[PDB]
Protein chains: 2
Amino acid sequence: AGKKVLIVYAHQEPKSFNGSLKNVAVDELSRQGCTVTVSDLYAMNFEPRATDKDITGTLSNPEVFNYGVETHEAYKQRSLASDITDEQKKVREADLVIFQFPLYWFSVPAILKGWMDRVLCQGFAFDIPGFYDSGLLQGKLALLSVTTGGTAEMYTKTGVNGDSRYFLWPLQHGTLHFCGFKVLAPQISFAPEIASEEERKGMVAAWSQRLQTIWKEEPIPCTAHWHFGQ
Amino acid sequence: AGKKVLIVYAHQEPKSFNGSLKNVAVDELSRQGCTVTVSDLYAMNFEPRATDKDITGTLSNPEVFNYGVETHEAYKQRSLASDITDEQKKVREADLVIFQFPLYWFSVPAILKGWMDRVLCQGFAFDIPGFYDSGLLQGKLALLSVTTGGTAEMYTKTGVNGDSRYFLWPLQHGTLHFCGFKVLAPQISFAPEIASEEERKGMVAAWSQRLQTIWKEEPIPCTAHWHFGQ
Ligand SMILES: Cc1cc2nc3c(=O)[nH]c(=O)nc-3n(C[C@H](O)[C@H](O)[C@H](O)COP(=O)(O)OP(=O)(O)OC[C@H]3O[C@@H](n4cnc5c(N)ncnc54)[C@H](O)[C@@H]3O)c2cc1C
Ligand SMILES: Cc1cc2nc3c(=O)[nH]c(=O)nc-3n(C[C@H](O)[C@H](O)[C@H](O)COP(=O)(O)OP(=O)(O)OC[C@H]3O[C@@H](n4cnc5c(N)ncnc54)[C@H](O)[C@@H]3O)c2cc1C
Ligand SMILES: CN(C)c1nc2c(Br)c(Br)c(Br)c(Br)c2[nH]1
Ligand SMILES: CN(C)c1nc2c(Br)c(Br)c(Br)c(Br)c2[nH]1
Ligand SMILES: [Zn+2]
Ligand SMILES: [Zn+2]
């Protein structure tokens with residue numbers, strides 16, 4: 001009772017399959033009585049580039065620009081750009097962060113990569129200490145809901161693309177785990193464009209139905225063994 | 001027949017360790033008599049977002065925007081935004097493409113992700129069919145020159161980050177190999193921020209040194225086994 005969800009959504013088209021997955025997430029979580037917020041990156045024209053614009057006022061060292069340093073200091077000094085801080089407030093308040101995106105080059109689209117780069121700064125998402133199991137967003141759940149062009153068969157250990165778990169590593173382990181998230185099993189909706197309409201509805205319904213019991217879920221063991229082992 | 005090299009460079013600060021590695025590449029490849037071009041993405045204010053601004057002509061379906069479909073058709077029609085085709089010309093003429101970047105979240109900075117997303121469109125970099133070993137950039141070489149915050153020890157199988165090769169998969173296999181590139185072994189310069197002055201210049205000289213014999217190298221076998229063992 002009282003769970004808060006942030007959906008970070010990265011697709012250009014409301015009528016897309018990604019749009020539909022985001023919308024049933026909103027519908028079903030709202031129905032449950034959850035607090036729901038959506039960051040529609042393309043609609044926000046979210047800035048992906050890590051630049052000195054991300055620090056307002058006076059730079060900690062305006063002769064040699066070091067993004068990591070400058071943003072760490074700016075966070076501690078409440079001097080980050082407001083597009084970034086707006087996102088951090090949403091994340092701070094959320095118990096669950098769902099990312100909804102089409103797979104671009106075995107990864108997130110650049111606009112969402114930019115969100116990760118700029119929003120998850122040191123002092124906010126991680127520090128020394130406080131990473132992996134002890135990262136600063138510990139307590140929070142994160143979940144990747146990804147759509148692919150490639151079929152499930154292509155994403156097997158012997159398929160052309162390798163196991164889908166292989167490309168999850170930088171996202172689930174290198175990013176989410178690192179910051180302290182417990183990582184819920186990814187939702188992977190394989191090749192909607194190729195699948196039939198029965199199959200497509202089946203995937204949307206799978207997602208809607210999964211959302212019904214999302215708060216009862218055990219998070220994966222976010223390990224090398226999980227991603228690459230047998 | 002002499003060689004042409006494109007360096008796609010992604011760092012905000014000319015005096016950075018990445019800047020030094022980039023300039024050493026230019027110096028040494030130039031010294032050899034190679035033709036050298038550098039895409040300095042931050043200096044170019046390179047657009048990372050995949051949006052409908054990337055097509056200028058009549059859309060194939062203006063009611064439901066599909067980025068992949070519209071960019072493929074626009075490539076064939078020659079109605080892609082000019083910043084995209086400017087990059088394509090550089091890649092088309094290159095024998096070797098070197099990517100110089102700091103590791104951001106086990107991956108490329110978003111501005112460089114955007115270059116991959118927007119530049120390597122269907123029809124130019126791959127076709128269906130016409131991918132992986134049949135990719136359209138076959139005959140070309142690619143090399144990732146990466147700098148990390150993490151130490152080499154952290155990037156081992158039993159280290160907290162897992163092996164360094166693990167995070168290369170989406171880039172080397174999912175992107176470069178997919179487009180037909182043969183992939184030269186990565187240059188990873190670990191933890192320059194932690195390093196001593198000597199170790200720093202030693203990492204820069206090691207890269208310069210490698211480049212002296214780059215045209216003698218064979219590519220890696222860009223397979224699951226190379227990346228993950230088993
Ligand atoms: C730059 C780029 C890089 C890419 N790299 C990769 C890669 O590395 N690997 C890979 O596998 N793929 C890759 N892709 C392909 C991409 O992942 C897929 O095209 C994308 O995931 C498809 O999702 P979508 O939301 O755009 O589908 P859509 O085309 O928008 O939807 C598919 C169909 O489902 C229909 N639909 C929508 N809503 C519903 C609903 N509620 N119920 C039933 N049907 C519905 C739509 O109308 C549509 O006809 C890449 C694509 C691009 C553009
Ligand atoms: C958003 C973000 C996400 C990140 N995610 C990760 C991650 O997932 N994993 C990870 O391991 N790291 C990560 N990092 C860390 C990042 O990879 C490192 O900070 C970066 O790789 C260091 O490279 P640099 O060029 O900025 O180093 P610099 O700070 O520019 O270089 C270090 C030192 O080298 C000196 N130097 C420059 N040129 C020379 C020279 N020619 N000779 C000697 N010394 C020289 C510089 O003056 C400086 O003092 C992340 C950083 C950011 C900002
Ligand atoms: C639009 N569409 C059907 C589409 N675009 C794709 C791109 Br770009 C890549 Br890269 C891959 Br891999 C696949 Br599969 C794609 N499918
Ligand atoms: C600036 N600096 C030294 C720095 N910034 C880092 C970031 Br951001 C991440 Br995420 C990681 Br992981 C490491 Br290691 C980093 N080291
Ligand atoms: Zn993990
Ligand atoms: Zn490969």
# chains A, B, ... in the order shown; residues from 1 in each chain; ligands from 1

$ residues_around --residues "residue 90 (chain A)" --least-positions-apart "5" --cutoff "9 Å" --atoms "only C-alpha atoms" --output "PDB file with N, CA and C atoms, in the first residue's frame"
ATOM      1  N   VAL A   5       5.909   4.479  -8.588  1.00  0.00           N
ATOM      2  CA  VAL A   5       6.528   3.980  -9.807  1.00  0.00           C
ATOM      3  C   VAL A   5       6.897   5.139 -10.725  1.00  0.00           C
ATOM      4  N   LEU A   6       8.133   5.117 -11.196  1.00  0.00           N
ATOM      5  CA  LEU A   6       8.575   5.995 -12.277  1.00  0.00           C
ATOM      6  C   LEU A   6       8.791   5.153 -13.530  1.00  0.00           C
ATOM      7  N   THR A  37       4.366   7.997 -12.331  1.00  0.00           N
ATOM      8  CA  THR A  37       4.950   9.130 -13.054  1.00  0.00           C
ATOM      9  C   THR A  37       5.679   8.622 -14.287  1.00  0.00           C
ATOM     10  N   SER A  39       8.350   9.690 -17.434  1.00  0.00           N
ATOM     11  CA  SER A  39       9.278  10.614 -18.084  1.00  0.00           C
ATOM     12  C   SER A  39       9.337  10.219 -19.537  1.00  0.00           C
ATOM     13  N   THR A  85      17.841  17.593 -12.069  1.00  0.00           N
ATOM     14  CA  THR A  85      17.293  17.507 -10.705  1.00  0.00           C
ATOM     15  C   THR A  85      15.824  17.070 -10.698  1.00  0.00           C
TER      16      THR A  85
END

$ residues_around --residues "residue 128 (chain B)" --least-positions-apart "6" --cutoff "12 Å" --atoms "only C-alpha atoms" --output "list in words"
residues 149 and 150 of chain A; 72, 121, 122, 134, 135, 136, 178 and 179 of chain B

$ closest_residue --among "A:177, A:4, A:113, A:78" --to "residue 99 (chain A)" --atoms "only C-alpha atoms"
A:113

$ closest_atom_pairs --of "chain B" --to "ligand 6" --cutoff "6 Å" --atoms "only C-alpha atoms and all ligand atoms" --output "Markdown table"
| residue | atom | partner | partner_atom_place_in_ligand_line | distance |
| --- | --- | --- | --- | --- |
| B:173 | CA | ligand 6 | 1 (Zn) | 3.6 |
| B:177 | CA | ligand 6 | 1 (Zn) | 4.9 |
| B:222 | CA | ligand 6 | 1 (Zn) | 3.4 |
| B:223 | CA | ligand 6 | 1 (Zn) | 4.6 |

$ write_last_selection --atoms "N, CA and C atoms" --output "compact mmCIF listing (two decimals), in the first residue's frame"
# COMPACT_ATOMS: atom_id res chain seq x y z
N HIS B 173 30.17 -6.87 -30.98
CA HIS B 173 29.35 -7.82 -31.71
C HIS B 173 28.02 -7.24 -32.19
N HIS B 177 30.40 -5.69 -35.60
CA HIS B 177 30.37 -6.95 -36.34
C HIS B 177 29.08 -7.05 -37.15
N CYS B 222 35.16 -12.31 -33.41
CA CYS B 222 34.11 -11.62 -32.65
C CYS B 222 32.94 -12.56 -32.38
N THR B 223 33.16 -13.44 -31.40
CA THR B 223 32.25 -14.51 -31.04
C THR B 223 31.90 -14.44 -29.57

$ interface_residues --of "chain B" --to "chain A" --cutoff "9 Å" --atoms "only C-alpha atoms" --output "PyMOL selection string"
chain B and resi 12-16+42+45-52+63-67+104-117+132+157-158+160-162+166-167+169-171+173-175+178+223-224+228+230

$ write_last_selection --atoms "C-alpha atoms" --output "mmCIF file, in the first residue's frame"
data_model
loop_
_atom_site.group_PDB
_atom_site.id
_atom_site.type_symbol
_atom_site.label_atom_id
_atom_site.label_comp_id
_atom_site.auth_asym_id
_atom_site.auth_seq_id
_atom_site.Cartn_x
_atom_site.Cartn_y
_atom_site.Cartn_z
ATOM 1 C CA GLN B 12 34.350 17.326 -23.736
ATOM 2 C CA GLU B 13 37.881 18.399 -22.772
ATOM 3 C CA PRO B 14 40.867 18.716 -25.138
ATOM 4 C CA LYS B 15 43.358 18.406 -22.267
ATOM 5 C CA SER B 16 41.868 15.117 -21.070
ATOM 6 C CA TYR B 42 30.988 17.381 -28.500
ATOM 7 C CA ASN B 45 27.399 19.472 -30.894
ATOM 8 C CA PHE B 46 26.444 16.200 -32.535
ATOM 9 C CA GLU B 47 22.709 15.373 -32.293
ATOM 10 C CA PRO B 48 22.205 12.082 -30.404
ATOM 11 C CA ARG B 49 18.433 11.747 -30.589
ATOM 12 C CA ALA B 50 16.762 9.577 -33.189
ATOM 13 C CA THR B 51 13.840 11.800 -34.175
ATOM 14 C CA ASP B 52 11.672 12.579 -37.161
ATOM 15 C CA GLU B 63 0.535 8.889 -38.993
ATOM 16 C CA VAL B 64 2.617 6.318 -37.116
ATOM 17 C CA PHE B 65 6.312 7.262 -37.010
ATOM 18 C CA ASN B 66 8.701 4.299 -37.258
ATOM 19 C CA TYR B 67 12.294 5.574 -37.026
ATOM 20 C CA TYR B 104 30.076 5.607 -19.414
ATOM 21 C CA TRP B 105 27.951 2.994 -17.690
ATOM 22 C CA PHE B 106 29.759 0.047 -19.256
ATOM 23 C CA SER B 107 29.194 1.621 -22.657
ATOM 24 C CA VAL B 108 29.766 4.651 -24.871
ATOM 25 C CA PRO B 109 28.774 8.188 -23.815
ATOM 26 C CA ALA B 110 25.291 9.028 -25.097
ATOM 27 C CA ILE B 111 26.560 11.427 -27.757
ATOM 28 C CA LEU B 112 28.515 8.541 -29.303
ATOM 29 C CA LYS B 113 25.592 6.102 -28.858
ATOM 30 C CA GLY B 114 23.645 8.648 -30.892
ATOM 31 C CA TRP B 115 26.222 8.570 -33.643
ATOM 32 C CA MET B 116 25.855 4.803 -33.762
ATOM 33 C CA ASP B 117 22.051 4.996 -33.665
ATOM 34 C CA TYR B 132 27.152 -9.722 -39.515
ATOM 35 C CA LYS B 157 36.180 -12.489 -14.253
ATOM 36 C CA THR B 158 36.197 -12.634 -10.443
ATOM 37 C CA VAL B 160 33.372 -6.693 -9.056
ATOM 38 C CA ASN B 161 32.889 -5.460 -12.633
ATOM 39 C CA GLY B 162 33.504 -8.845 -14.251
ATOM 40 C CA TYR B 166 32.007 -8.646 -21.063
ATOM 41 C CA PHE B 167 30.928 -5.064 -21.627
ATOM 42 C CA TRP B 169 29.781 -7.381 -26.494
ATOM 43 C CA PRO B 170 27.031 -4.878 -27.462
ATOM 44 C CA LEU B 171 29.580 -2.628 -29.160
ATOM 45 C CA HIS B 173 29.354 -7.818 -31.712
ATOM 46 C CA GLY B 174 25.948 -6.143 -31.581
ATOM 47 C CA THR B 175 27.063 -3.055 -33.524
ATOM 48 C CA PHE B 178 26.684 -6.669 -37.209
ATOM 49 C CA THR B 223 32.252 -14.511 -31.043
ATOM 50 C CA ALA B 224 30.515 -15.346 -27.770
ATOM 51 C CA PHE B 228 32.692 -14.821 -22.414
ATOM 52 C CA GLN B 230 32.860 -21.277 -21.751
#

$ calpha_fit_rmsd --fixed "chain A" --moving "chain B"
0.6 Å

$ closest_residue --among "B:71, B:32, B:148, B:82" --to "ligand 3" --atoms "only C-alpha atoms and all ligand atoms"
B:71

$ select_by_dssp --residues "chain A" --states "helix (DSSP H, G or I)" --output "ChimeraX atom specification"
/A:17-32,52-54,67-76,82-93,110-119,132-134,164-179,197-211,214-216,224-228

$ residues_around --residues "residue 22 (chain B)" --least-positions-apart "2" --cutoff "12 Å" --atoms "only C-alpha atoms" --output "MDAnalysis selection string"
chainID B and resid 6:11 13:20 24:29 36:40 98:102 144:147 204 207:208 211

$ closest_residue --among "A:21, A:183, A:56, A:62" --to "ligand 1" --atoms "only C-alpha atoms and all ligand atoms"
A:21

$ closest_residue --among "A:93, A:83, A:127, A:218" --to "ligand 4" --atoms "only C-alpha atoms and all ligand atoms"
A:127

$ select_by_dssp --residues "region 54-137 of chain B" --states "strand (DSSP E or B)" --output "list in words"
residues 55, 80, 96, 97, 98, 99, 100, 101, 102, 104, 107, 122 and 126 of chain B

$ write_last_selection --atoms "N, CA and C atoms" --output "mmCIF file, in the first residue's frame"
data_model
loop_
_atom_site.group_PDB
_atom_site.id
_atom_site.type_symbol
_atom_site.label_atom_id
_atom_site.label_comp_id
_atom_site.auth_asym_id
_atom_site.auth_seq_id
_atom_site.Cartn_x
_atom_site.Cartn_y
_atom_site.Cartn_z
ATOM 1 N N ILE B 55 14.707 12.848 -41.016
ATOM 2 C CA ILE B 55 14.229 12.680 -42.383
ATOM 3 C C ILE B 55 13.653 13.997 -42.869
ATOM 4 N N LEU B 80 17.880 11.943 -45.835
ATOM 5 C CA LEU B 80 18.344 11.999 -44.450
ATOM 6 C C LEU B 80 18.920 13.364 -44.168
ATOM 7 N N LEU B 96 39.793 2.202 -41.633
ATOM 8 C CA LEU B 96 39.806 1.884 -40.208
ATOM 9 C C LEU B 96 38.995 2.936 -39.466
ATOM 10 N N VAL B 97 38.110 2.517 -38.573
ATOM 11 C CA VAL B 97 37.404 3.483 -37.733
ATOM 12 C C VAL B 97 37.804 3.224 -36.302
ATOM 13 N N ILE B 98 38.369 4.248 -35.674
ATOM 14 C CA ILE B 98 38.773 4.181 -34.279
ATOM 15 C C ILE B 98 37.772 4.973 -33.464
ATOM 16 N N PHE B 99 37.287 4.372 -32.389
ATOM 17 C CA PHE B 99 36.386 5.072 -31.476
ATOM 18 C C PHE B 99 37.152 5.388 -30.199
ATOM 19 N N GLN B 100 37.230 6.667 -29.840
ATOM 20 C CA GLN B 100 37.978 7.090 -28.658
ATOM 21 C C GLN B 100 37.014 7.698 -27.664
ATOM 22 N N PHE B 101 36.872 7.065 -26.502
ATOM 23 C CA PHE B 101 35.867 7.502 -25.528
ATOM 24 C C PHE B 101 36.152 6.994 -24.127
ATOM 25 N N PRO B 102 35.652 7.721 -23.119
ATOM 26 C CA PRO B 102 35.596 7.192 -21.755
ATOM 27 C C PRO B 102 34.394 6.287 -21.597
ATOM 28 N N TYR B 104 31.220 5.088 -20.163
ATOM 29 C CA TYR B 104 30.076 5.607 -19.414
ATOM 30 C C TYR B 104 29.103 4.473 -19.241
ATOM 31 N N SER B 107 29.533 1.397 -21.261
ATOM 32 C CA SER B 107 29.194 1.621 -22.657
ATOM 33 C C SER B 107 29.785 2.941 -23.150
ATOM 34 N N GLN B 122 19.855 1.478 -41.835
ATOM 35 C CA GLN B 122 19.649 0.392 -42.772
ATOM 36 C C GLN B 122 19.838 0.926 -44.187
ATOM 37 N N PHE B 126 24.068 -1.837 -43.038
ATOM 38 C CA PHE B 126 23.606 -3.212 -43.116
ATOM 39 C C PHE B 126 22.353 -3.251 -43.962
#

$ closest_residue --among "A:190, A:91, A:119, A:30" --to "residue 156 (chain A)" --atoms "only C-alpha atoms"
A:190

$ residues_around --residues "residue 139 (chain A)" --least-positions-apart "4" --cutoff "9 Å" --atoms "only C-alpha atoms" --output "count of residues only"
4

$ closest_residue --among "A:31, A:89, A:140, A:201" --to "ligand 1" --atoms "only C-alpha atoms and all ligand atoms"
A:201
